[PDB]
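Take a look at this single chain in structure tokens; it is the form deposited in one PDB entry.
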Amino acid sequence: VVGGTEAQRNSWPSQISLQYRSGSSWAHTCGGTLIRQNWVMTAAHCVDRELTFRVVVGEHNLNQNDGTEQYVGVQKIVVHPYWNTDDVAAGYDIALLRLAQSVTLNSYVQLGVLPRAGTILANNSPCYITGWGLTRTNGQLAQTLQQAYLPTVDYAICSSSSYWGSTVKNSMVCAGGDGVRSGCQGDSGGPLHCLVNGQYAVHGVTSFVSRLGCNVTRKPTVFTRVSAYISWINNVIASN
């Protein structure tokens, strides 16, 4: 997250860190959202590589003992069947991870609430992106979980020529684009939390930013629209 602030440790208890094994250690690669005690929602592109993955819930600082973490292996990966890694613009950037164990819920570890199917946010709706992604274009991962206020940019504006044009689909949510705040590499897969009727829900799964840079004016961060995938999510969980 470029232009973020450090999240309070109990603000976003559904955020997870998706990590891969690298040598004798683990490296953060993506975010995700805990949606069942044994299921995480993330981006398909986060699991393109044939890596050993684990999830950390209750994570705040990637580099220090928080005293709240639960570390759990990924047991099964279900990528959306229409995902194509060389066509992120097509959409379908979503995957579910079944965890090896069911995590224990507490103020640091909660299920993310998803929107009702079909819900589309009005332009300029209030949301926060969260994650440990780079803090500057071509920078480094955050140590502490970051949040940034990224209002939505509706489909009509986001798909206009000076924004994303044809690259954005109605199955996506755009947010931000102010040239200051954005997602960045390592935020992928994590939530866009939007406040509606007094409650935050996870309306987005972070999918992509401009190839030119993270915080580029009129290139809002682009998310998979969770509310387009409610049936898909429910079907996967019911069949697994």
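Numbers follow the displayed sequence, beginning with 1.
Missing here is the form deposited with a partner chain bound; even so, the following discussion is about that form.
Although the partner is absent from this view, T33 stays clear of its partner chain in the bound PDB entry, with no non-hydrogen atom inside 4.5 angstroms. Although the partner is absent here, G176 sits far enough away that none of its heavy atoms falls within 4.5 Å of its partner chain in the bound PDB entry. Remark: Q143 does not count among the residues lining its partner chain in the bound PDB entry, judged by a heavy atom distance of 4.5 Å or less. A residue is said to contact a partner when one of its heavy atoms sits within 4.5 Å of a partner heavy atom; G186 meets this definition for its partner chain in the bound PDB entry. Taking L121, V79, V103, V88 one by one, only a single residue has any non-hydrogen atom within 4.5 Å of its partner chain in the bound PDB entry, and it is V88. With the partner omitted from this view, the residue of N170, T167, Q110, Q75 that lies near its partner chain in the bound PDB entry is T167 [heavy atom within 4.5 Å].
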